[PDB]
Amino acid sequence: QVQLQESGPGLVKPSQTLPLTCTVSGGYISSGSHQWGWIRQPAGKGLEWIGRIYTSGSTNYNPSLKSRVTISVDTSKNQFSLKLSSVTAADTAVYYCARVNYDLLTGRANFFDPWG
Amino acid sequence: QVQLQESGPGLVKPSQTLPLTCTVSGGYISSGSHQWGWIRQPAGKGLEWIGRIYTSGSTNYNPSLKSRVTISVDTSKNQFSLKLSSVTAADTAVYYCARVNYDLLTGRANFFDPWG
Amino acid sequence: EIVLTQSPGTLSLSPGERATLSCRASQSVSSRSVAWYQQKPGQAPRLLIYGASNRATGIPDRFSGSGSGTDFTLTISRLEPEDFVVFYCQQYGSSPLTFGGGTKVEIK
Amino acid sequence: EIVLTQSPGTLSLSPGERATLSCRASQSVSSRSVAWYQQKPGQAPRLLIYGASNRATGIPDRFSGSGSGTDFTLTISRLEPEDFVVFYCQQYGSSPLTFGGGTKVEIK
Amino acid sequence: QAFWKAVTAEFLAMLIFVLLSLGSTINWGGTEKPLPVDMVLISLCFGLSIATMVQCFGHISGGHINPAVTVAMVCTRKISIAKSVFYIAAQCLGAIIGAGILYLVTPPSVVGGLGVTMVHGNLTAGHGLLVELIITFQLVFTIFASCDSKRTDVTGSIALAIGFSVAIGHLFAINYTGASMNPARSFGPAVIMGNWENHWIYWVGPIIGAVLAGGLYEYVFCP
Amino acid sequence: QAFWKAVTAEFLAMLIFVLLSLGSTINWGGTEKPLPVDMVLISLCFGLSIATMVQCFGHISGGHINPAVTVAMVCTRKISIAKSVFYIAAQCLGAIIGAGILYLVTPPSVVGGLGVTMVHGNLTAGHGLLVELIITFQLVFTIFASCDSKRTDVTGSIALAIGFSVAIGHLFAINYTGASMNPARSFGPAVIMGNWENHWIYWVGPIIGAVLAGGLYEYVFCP
Amino acid sequence: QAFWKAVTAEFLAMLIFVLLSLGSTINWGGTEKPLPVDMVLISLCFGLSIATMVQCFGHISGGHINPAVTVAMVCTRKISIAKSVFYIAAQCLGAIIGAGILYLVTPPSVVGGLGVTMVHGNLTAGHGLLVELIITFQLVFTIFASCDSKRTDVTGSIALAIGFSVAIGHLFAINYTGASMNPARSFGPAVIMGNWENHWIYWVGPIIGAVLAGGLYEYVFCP
Amino acid sequence: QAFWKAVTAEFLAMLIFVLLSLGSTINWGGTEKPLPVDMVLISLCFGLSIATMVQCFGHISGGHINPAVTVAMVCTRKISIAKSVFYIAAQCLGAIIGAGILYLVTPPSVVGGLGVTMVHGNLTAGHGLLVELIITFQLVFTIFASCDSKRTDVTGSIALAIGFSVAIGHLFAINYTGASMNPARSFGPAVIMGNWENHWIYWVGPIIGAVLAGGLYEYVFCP
């Protein structure tokens with residue numbers, strides 16, 4: 001089955017960037033009908049979407065985070081990464097990488113199974 | 001949820017007009033796929049349709065009441081009104097304002113949920 | 001206009017039995033366009049079934065309807081103390097809209 | 001953006017009884033485009049329902065959802081010791097994607 | 001007499017147009033389980049039916065097959081007032097007879113509305129009048145532009161150019177107002193089936209748009 | 001001999017028209033779960049196949065490809081009796097051969113009716129005969145009008161004008177009588193599959209409509 | 001003044017094209033249960049609307065009805081810089097007005113996107129720019145080749161040839177980038193609905209392809 | 001040098017034809033839940049794409065765009081042996097590039113077969129060869145008949161006549177053999193996707209049928 005595993009520093013001082021990497025096993029990013037995106041969950045609150053990416057390199061971001069988020073895909077190593085800039089104490093959270101479903105006709109992001 | 005509340009005189013002498021007003025809360029008349037109409041139920045009898053109205057101002061009336069019924073919409077205050085003329089003792093009844101469903105293709109009035 | 005007739009005029013059963021109501025149409029109703037309503041005496045009506053087979057949100061699962069053509073039925077699996085009230089059937093397959101006559105249910 | 005509201009904020013019940021959760025949408029959701037997620041405290045979330053009526057692979061049959069328009073429900077036939085946990089509702093009928101608030105379930 | 005041959009062609013051209021065009025609108029799934037409506041089928045049959053009767057009768061009567069087109073020609077002084085009274089009478093009778101034949105050969109289970117044009121329920125009669133006014137403006141403008149004798153750049157079939165103008169009006173307004181574009185096409189089925197709702201917009205609408213297109217072309221653009 | 005080249009073109013034109021046109025009617029969903037019928041697909045293939053054979057063989061044989069059109073030309077004194085006997089025989093032979101080839105290449109699971117025209121179950125043979133007489137009347141009137149040598153206002157493609165006349169007849173009467181409009185188009189598939197029900201209306205109907213259109217045009221409207 | 005009649009025709013031609021073409025894109029099943037998209041209906045309405053406004057206004061304004069076509073004309077020295085500034089302004093205003101009228105008569109339940117062109121989610125802006133550049137290259141090449149006065153082998157309708165070129169571009173790229181092929185066709189609905197995503201490729205794409213086709217034909221193939 | 005311009009048009013004409021035509025065959029429902037195939041959509045795009053490049057490049061290169069048509073012209077002594085080797089090579093490269101571009105811009109989820117022609121599973125390679133031979137016989141016969149300079153009765157657009165010949169071949173044999181009618185149209189996608197099954201019938205079939213049509217018209221009917 002498909003599995004995902006995150007990777008990152010875990011402690012960033014304010015105003016730097018947040019690099020995170022998700023490594024996929026049991027499935028291939030290029031050969032498939034799924035996108036790959038990031039979600040977070042700040043302590044004591046609900047899930048919040050961040051963005052996605054496709055094998056072709058096309059991305060979609062949350063409008064409230066579109067200025068700071070940056071997502072890239074490395075099909076050679078079967079990985080995709082996240083880069084959040086101008087981090088602030090409000091950015092504390094638990095970051096998840098999931099496998100985004102989408103509809104073939106329009107290419108928009110559907111539900112988020114499975115998760116990291 | 002959407003809610004409706006009627007308002008009217010409650011005692012009209014014969015040969016005047018019957019003004020009734022229905023005020024909608026929890027939903028917007030303009031932004032939606034519903035029409036708004038009136039029903040009545042004379043004492044010890046069954047339900048009888050009266051008419052409807054759309055946000056665009058188009059109306060449909062009961063053929064047996066088309067001559068006397070008049071329905072108008074006030075989207076600014078989120079209300080729609082009824083004006084029944086030449087009232088007679090046979091017009092005694094309990095008047096309801098409901099939210100009429102309709103079919104997109106033809107624009108005809110479907111079932112009547114919810115009620116006032 | 002399609003004329004709807006509902007029989008029996010009054011329906012009597014003990015609590016817990018199965019109740020079935022009939023709404024027969026004087027003319028073919030297109031696309032199974034019939035809906036059912038339940039009115040508590042002295043209260044606004046309520047929507048139970050639309051399309052003759054679909055159940056409204058939050059309606060108990062003991063309410064189910066079916067039929068087509070010019071004959072539609074509403075069936076209750078098990079009666080309840082609060083189910084002995086009037087029931088109305090509506091057709092909207094051809095304008096103008098029309099209602100039924102009403103089928104009161106009483107405790108035998 | 002469609003704003004999703006989940007009530008009650010907390011739901012208290014004994015094991016074995018029936019639990020129903022509501023996710024109400026501020027605007028029409030196209031093509032019944034809502035999915036439900038189940039997160040154990042301190043664990044990654046989980047997918048239960050997609051499309052408001054379809055059950056994901058390997059999910060217990062006691063989970064079922066339904067609805068249309070702007071009113072969607074998740075119902076559990078019989079509670080279990082491990083079902084007293086948070087639940088989330090998502091809509092994806094119109095971009096951008098949005099989540100619910102969360103409905104914790106606790107043992108009464 | 002060349003006059004009675006032109007009047008007979010208007011009756012005969014309108015009879016065939018209405019029968020074939022309205023026949024394609026019949027829903028063969030019945031009232032129990034209606035089939036999905038094929039908009040391309042209805043649009044092409046209406047458009048290609050006009051292209052055919054213009055080809056057939058264009059040299060005999062002028063190929064109007066439309067009371068709104070006939071009124072425009074009178075205003076621009078292309079036909080006499082008396083000459084145009086008989087075209088309008090002939091066009092109306094042809095539509096009545098054409099729809100009458102359709103009702104006889106069609107099984108009662110699928111007759112339905114017999115192709116009577118209706119305005120959308122959520123659309124006001126004010127908007128329905130405006131829609132009929134625009135799709136008819138562009139139909140009569142094509143007729144004047146194609147048939148203008150001062151031009152030297154008109155190429156291809158004039159009849160088929162007019163047919164494709166009728167089709168695009170149908171591809172747009174079938175779900176708005178029925179895409180009449182023709183007072184006599186709506187008069188026919190209404191007389192038979194007795195459906196007379198909002199029937200005044202199918203006379204004022206098309207005729208107003210026809211007079212503007214004829215007057216605007218003849219007196220402003222290409223005087 | 002210019003005669004034997006004309007007869008060979010009629011045989012070859014009818015063979016290609018029948019094969020490609022009848023192939024478009026095959027229901028590829030089988031008898032188990034039939035697929036919905038696409039009326040635009042069938043109408044365009046029939047109409048555009050007629051427009052194509054008239055273009056190819058119009059200058060070799062006259063581009064009749066129809067026993068009803070051949071009968072109309074004889075009555076109006078456009079071809080001799082001897083010449084028209086060989087066209088009608090050639091057209092019927094081409095339809096039989098064209099339908100035979102379609103049967104060989106088509107899998108037995110999807111052959112179905114092989115494009116045989118049938119009257120609707122709820123229509124009397126009297127209504128079916130009337131339907132066939134009208135869709136054929138407007139086809140032969142178009143052929144005579146388009147090919148009229150006295151006209152000076154005919155524009156565009158004559159072959160494509162005739163093709164769109166066949167298309168509108170199909171867009172109307174596929175569900176009424178199968179939209180034959182052609183005695184030889186019905187003779188072919190019937191001989192192969194042996195379905196002979198109400199087969200007389202496809203000869204009496206189309207032939208009666210052709211003679212009325214040919215005589216009415218040639219002797220009343222444009223003598 | 002002959003100039004103000006050409007500028008007025010560009011405004012009116014673009015208004016009718018936008019209203020009828022975008023109206024065919026309305027999904028009448030609503031946002032609850034959308035109906036399947038009919039690609040042939042949308043392709044034909046766009047294609048046949050251009051063939052009709054070229055026929056109507058071709059001799060009055062030149063029949064550009066496209067900001068990309070006008071830019072190609074300037075580069076090849078077929079219109080002056082001053083003349084082409086007013087065509088682009090008139091075309092843009094007509095698109096705004098045409099889309100506004102559609103929004104007024106369309107019920108709020110089915111307005112949807114109002115025909116705004118959008119790039120496929122899985123398709124990069126680099127790919128979308130290339131798609132717009134190719135479907136517009138072949139459209140402007142058809143205009144130059146059909147309207148070439150040195151040719152002696154052009155047959156049929158020039159307006160209808162251009163329309164079928166717009167149709168094939170739509171039959172290909174509706175699901176890729178919306179098949180704009182026209183900067184003003186996308187500018188109209190965007191202003192009304194305020195949807196401005198990836199809007200720069202509908203100006204850069206079509207304009208680059210138009211200039212390549214005009215320069216390649218006028219200076220390499222047929223100088 | 002006019003020779004290098006004719007070879008360039010054949011490459012450029014074939015590149016656009018394959019890209020737009022194969023794009024219309026993409027199934028946008030994916031491999032999970034494929035959407036129903038629109039037979040009219042594919043037929044019209046293929047037919048109208050040929051009508052467009054014949055209009056664009058007909059006077060520059062001759063408008064062959066088909067390795068089977070090029071061979072027919074050689075046999076009838078209409079082009080030189082040397083001139084025909086470069087057209088066939090140019091057509092083959094153009095098809096590969098057009099299919100390669102379609103592959104790059106198409107999302108991997110909907111690429112599917114990339115429009116490679118395949119014979120029906122229940123249909124023998126002997127039957128598939130016969131089907132390809134007949135739809136190509138009528139295609140090349142239309143080209144020879146329409147472009148025959150001895151004729152005085154050809155009317156309308158020759159390019160559109162050839163396009164409607166391509167369309168009717170598709171409306172028949174899409175479900176039989178894929179309706180190639182063109183050796184280079186099938187060679188393109190096969191190279192990209194590497195699907196080479198029963199590929200010899202798409203060269204022998206179309207080429208055999210083209211030689212009969214050219215030789216029979218050129219030497220038997222109208223010598």
# chains A, B, ... in the order shown; residues from 1 in each chain; ligands from 1
call {"tool": "residues_around", "arguments": {"residues": "region 191-196 of chain F", "least_positions_apart": "2", "cutoff": "8 Å", "atoms": "only C-alpha atoms", "output": "ChimeraX atom specification"}}
result
/F:96,99-100,113-114,116,187-189,198-199
call {"tool": "residues_around", "arguments": {"residues": "residue 16 (chain E)", "least_positions_apart": "5", "cutoff": "12 Å", "atoms": "only C-alpha atoms", "output": "PyMOL selection string"}}
result
(chain E and resi 9-11+21-23+45-46+49-50+52-54+56-57+65+91+94-102+185) or (chain F and resi 131+133-139+141+165+168-169+172)
call {"tool": "calpha_fit_and_write", "arguments": {"fixed": "chain C", "moving": "chain D", "output": "short mmCIF file (atom, residue, chain, number, x, y, z; two decimals) with C-alpha atoms, in the first residue's frame"}}
result
data_model
loop_
_atom_site.label_atom_id
_atom_site.label_comp_id
_atom_site.auth_asym_id
_atom_site.auth_seq_id
_atom_site.Cartn_x
_atom_site.Cartn_y
_atom_site.Cartn_z
CA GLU D 1 -55.64 19.49 -13.75
CA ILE D 2 -54.90 16.11 -12.17
CA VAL D 3 -57.44 15.32 -9.43
CA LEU D 4 -55.97 13.38 -6.51
CA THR D 5 -58.17 11.05 -4.45
CA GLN D 6 -57.11 9.59 -1.10
CA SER D 7 -58.73 6.54 0.48
CA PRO D 8 -59.77 5.39 2.98
CA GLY D 9 -61.25 8.62 4.33
CA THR D 10 -60.35 7.44 7.84
CA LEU D 11 -57.99 4.65 8.89
CA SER D 12 -58.30 2.98 12.30
CA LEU D 13 -55.54 0.82 13.76
CA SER D 14 -53.83 -0.16 17.00
CA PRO D 15 -50.41 1.27 17.84
CA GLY D 16 -47.48 -0.71 16.47
CA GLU D 17 -49.21 -2.30 13.48
CA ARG D 18 -48.61 -1.39 9.83
CA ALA D 19 -50.48 1.45 8.10
CA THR D 20 -50.68 1.95 4.33
CA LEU D 21 -52.19 4.99 2.61
CA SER D 22 -53.24 5.34 -1.04
CA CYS D 23 -53.24 8.42 -3.29
CA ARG D 24 -54.68 7.65 -6.73
CA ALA D 25 -54.25 10.12 -9.61
CA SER D 26 -56.90 10.76 -12.25
CA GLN D 27 -54.16 11.03 -14.90
CA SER D 28 -50.58 9.93 -15.46
CA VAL D 29 -48.13 11.79 -13.21
CA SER D 30 -44.84 12.44 -14.97
CA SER D 31 -41.52 11.32 -13.48
CA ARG D 32 -43.09 10.02 -10.25
CA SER D 33 -43.82 13.60 -9.19
CA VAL D 34 -45.71 13.22 -5.91
CA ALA D 35 -44.90 14.34 -2.36
CA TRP D 36 -46.56 13.57 0.97
CA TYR D 37 -47.26 16.00 3.81
CA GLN D 38 -47.98 15.35 7.48
CA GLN D 39 -49.90 17.91 9.53
CA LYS D 40 -50.47 17.81 13.26
CA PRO D 41 -53.94 19.21 14.05
CA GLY D 42 -53.43 22.89 14.78
CA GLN D 43 -49.92 23.04 13.32
CA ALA D 44 -48.22 23.79 10.03
CA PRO D 45 -47.83 20.78 7.70
CA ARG D 46 -44.59 18.82 7.29
CA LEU D 47 -42.82 17.18 4.34
CA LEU D 48 -42.17 13.42 4.45
CA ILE D 49 -41.63 12.10 0.90
CA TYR D 50 -40.80 13.79 -2.40
CA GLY D 51 -40.69 12.05 -5.76
CA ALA D 52 -42.81 9.23 -4.22
CA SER D 53 -39.64 7.38 -3.09
CA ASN D 54 -37.18 9.85 -1.51
CA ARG D 55 -37.23 10.60 2.21
CA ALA D 56 -36.70 14.12 3.51
CA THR D 57 -33.86 14.89 5.90
CA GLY D 58 -34.54 14.05 9.53
CA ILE D 59 -37.62 11.91 8.84
CA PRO D 60 -37.87 8.62 10.79
CA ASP D 61 -36.93 5.56 8.75
CA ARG D 62 -40.33 3.98 9.45
CA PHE D 63 -41.78 6.21 6.70
CA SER D 64 -41.47 4.90 3.15
CA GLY D 65 -43.31 5.51 -0.10
CA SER D 66 -43.30 4.01 -3.57
CA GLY D 67 -45.27 3.66 -6.78
CA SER D 68 -45.42 4.73 -10.41
CA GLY D 69 -48.01 5.63 -13.03
CA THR D 70 -51.23 6.56 -11.22
CA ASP D 71 -51.00 4.51 -8.00
CA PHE D 72 -48.88 5.72 -5.08
CA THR D 73 -48.63 4.40 -1.53
CA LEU D 74 -47.27 5.61 1.80
CA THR D 75 -46.41 2.82 4.24
CA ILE D 76 -45.40 3.01 7.91
CA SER D 77 -43.60 -0.05 9.28
CA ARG D 78 -44.64 0.51 12.90
CA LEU D 79 -47.11 3.10 14.14
CA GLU D 80 -46.31 5.49 16.99
CA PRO D 81 -48.54 7.49 19.36
CA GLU D 82 -47.87 10.68 17.37
CA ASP D 83 -48.66 9.20 13.92
CA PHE D 84 -52.46 9.15 14.37
CA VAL D 85 -52.86 12.38 12.41
CA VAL D 86 -53.76 13.79 9.00
CA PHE D 87 -51.73 13.07 5.85
CA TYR D 88 -51.80 14.84 2.48
CA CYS D 89 -50.59 13.89 -1.00
CA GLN D 90 -49.52 16.39 -3.66
CA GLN D 91 -48.78 16.00 -7.36
CA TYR D 92 -46.48 18.35 -9.27
CA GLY D 93 -45.97 16.46 -12.53
CA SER D 94 -48.24 18.80 -14.49
CA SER D 95 -49.33 22.31 -13.58
CA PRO D 96 -51.25 23.54 -11.73
CA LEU D 97 -50.24 22.05 -8.39
CA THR D 98 -52.95 20.07 -6.59
CA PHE D 99 -53.35 18.51 -3.15
CA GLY D 100 -55.19 15.48 -1.85
CA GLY D 101 -58.20 15.32 0.42
CA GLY D 102 -56.59 14.04 3.61
CA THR D 103 -56.51 10.66 5.37
CA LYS D 104 -57.00 10.91 9.13
CA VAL D 105 -55.51 8.06 11.18
CA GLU D 106 -57.18 7.23 14.50
CA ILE D 107 -56.45 4.83 17.35
CA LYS D 108 -58.73 1.80 17.13
#
call {"tool": "interface_residues", "arguments": {"of": "chain E", "to": "chain H", "cutoff": "12 Å", "atoms": "only C-alpha atoms", "output": "PyMOL selection string"}}
result
chain E and resi 40-41+155-158+160
call {"tool": "write_last_selection", "arguments": {"atoms": "N, CA and C atoms", "output": "short mmCIF file (atom, residue, chain, number, x, y, z; two decimals), in the first residue's frame"}}
result
data_model
loop_
_atom_site.label_atom_id
_atom_site.label_comp_id
_atom_site.auth_asym_id
_atom_site.auth_seq_id
_atom_site.Cartn_x
_atom_site.Cartn_y
_atom_site.Cartn_z
N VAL E 40 -28.93 19.77 -30.13
CA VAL E 40 -28.34 19.83 -31.47
C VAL E 40 -29.33 19.31 -32.51
N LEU E 41 -30.11 18.29 -32.16
CA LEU E 41 -31.09 17.76 -33.09
C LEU E 41 -32.14 18.81 -33.44
N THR E 155 -20.30 35.19 -51.07
CA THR E 155 -19.84 33.92 -51.61
C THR E 155 -20.61 32.77 -50.97
N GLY E 156 -20.64 31.64 -51.67
CA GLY E 156 -21.30 30.47 -51.15
C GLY E 156 -22.81 30.53 -51.31
N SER E 157 -23.49 29.67 -50.55
CA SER E 157 -24.94 29.55 -50.64
C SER E 157 -25.60 30.57 -49.73
N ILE E 158 -26.49 31.39 -50.30
CA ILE E 158 -27.26 32.33 -49.50
C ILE E 158 -28.27 31.60 -48.62
N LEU E 160 -28.05 28.62 -47.27
CA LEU E 160 -27.40 27.97 -46.14
C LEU E 160 -26.89 28.98 -45.12
#
call {"tool": "atom_distance", "arguments": {"atom1": "CA of residue 171 (chain H)", "atom2": "CA of residue 27 (chain H)"}}
result
17.9 Å
call {"tool": "residues_around", "arguments": {"residues": "region 21-25 of chain A", "least_positions_apart": "5", "cutoff": "8 Å", "atoms": "only C-alpha atoms", "output": "tab-separated table (two decimals) with N, CA, C and O atoms, in the first residue's frame"}}
result
chain	number	residue	atom	x	y	z
A	2	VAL	N	0.25	2.39	-0.29
A	2	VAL	CA	0.98	3.66	-0.34
A	2	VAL	C	1.22	4.15	1.08
A	2	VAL	O	0.36	4.04	1.95
A	3	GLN	N	2.42	4.68	1.31
A	3	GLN	CA	2.79	5.23	2.61
A	3	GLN	C	3.53	6.54	2.41
A	3	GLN	O	4.20	6.74	1.40
A	4	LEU	N	3.40	7.43	3.40
A	4	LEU	CA	4.01	8.75	3.36
A	4	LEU	C	4.75	9.00	4.67
A	4	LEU	O	4.31	8.55	5.73
A	5	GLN	N	5.87	9.71	4.59
A	5	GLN	CA	6.67	10.01	5.77
A	5	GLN	C	7.24	11.42	5.64
A	5	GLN	O	7.90	11.73	4.65
A	6	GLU	N	6.99	12.25	6.64
A	6	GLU	CA	7.46	13.63	6.64
A	6	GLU	C	8.92	13.70	7.09
A	6	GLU	O	9.52	12.71	7.52
A	7	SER	N	9.49	14.90	6.98
A	7	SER	CA	10.86	15.14	7.44
A	7	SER	C	11.14	16.63	7.51
A	7	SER	O	10.88	17.36	6.54
A	8	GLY	N	11.67	17.11	8.63
A	8	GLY	CA	11.91	18.52	8.81
A	8	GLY	C	12.69	18.84	10.07
A	8	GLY	O	13.03	17.96	10.87
A	78	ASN	N	11.01	10.54	-5.82
A	78	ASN	CA	9.68	10.24	-5.30
A	78	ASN	C	9.40	11.05	-4.03
A	78	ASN	O	9.07	10.51	-2.97
A	79	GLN	N	9.52	12.37	-4.16
A	79	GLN	CA	9.38	13.27	-3.03
A	79	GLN	C	8.73	14.57	-3.47
A	79	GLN	O	8.77	14.95	-4.65
A	80	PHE	N	8.12	15.26	-2.51
A	80	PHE	CA	7.67	16.63	-2.69
A	80	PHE	C	7.94	17.39	-1.40
A	80	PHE	O	7.98	16.80	-0.32
A	81	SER	N	8.14	18.70	-1.52
A	81	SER	CA	8.62	19.52	-0.42
A	81	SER	C	7.71	20.73	-0.21
A	81	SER	O	6.88	21.07	-1.06
A	82	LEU	N	7.88	21.36	0.95
A	82	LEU	CA	7.15	22.56	1.32
A	82	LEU	C	8.13	23.62	1.81
A	82	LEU	O	9.16	23.29	2.41
A	97	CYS	N	1.44	15.40	5.40
A	97	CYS	CA	1.44	15.25	3.95
A	97	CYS	C	0.52	14.10	3.59
A	97	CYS	O	0.65	13.00	4.13
call {"tool": "select_by_dssp", "arguments": {"residues": "region 28-73 of chain C", "states": "strand (DSSP E or B)", "output": "ChimeraX atom specification"}}
result
/C:34-39,47-50,54-55,63-68,71-73
call {"tool": "residues_around", "arguments": {"residues": "residue 123 (chain H)", "least_positions_apart": "4", "cutoff": "9 Å", "atoms": "only C-alpha atoms", "output": "VMD selection string"}}
result
(chain F and resid 105 to 107) or (chain H and resid 119 127 to 128 176 to 177)
call {"tool": "write_last_selection", "arguments": {"atoms": "C-alpha atoms", "output": "PDB file, in the first residue's frame"}}
result
ATOM      1  CA  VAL F 105     -18.159  -7.720 -41.672  1.00  0.00           C
ATOM      2  CA  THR F 106     -20.548  -7.101 -38.752  1.00  0.00           C
ATOM      3  CA  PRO F 107     -20.271  -9.446 -35.741  1.00  0.00           C
TER       4      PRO F 107
ATOM      5  CA  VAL H 119      -9.326  -3.439 -35.141  1.00  0.00           C
ATOM      6  CA  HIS H 127     -12.534  -8.030 -42.563  1.00  0.00           C
ATOM      7  CA  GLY H 128     -10.619  -5.062 -41.169  1.00  0.00           C
ATOM      8  CA  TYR H 176     -14.829  -1.522 -36.781  1.00  0.00           C
ATOM      9  CA  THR H 177     -11.186  -0.564 -37.401  1.00  0.00           C
TER      10      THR H 177
END
call {"tool": "residues_around", "arguments": {"residues": "residue 87 (chain A)", "least_positions_apart": "6", "cutoff": "6 Å", "atoms": "only C-alpha atoms", "output": "PyMOL selection string"}}
result
chain A and resi 14-16
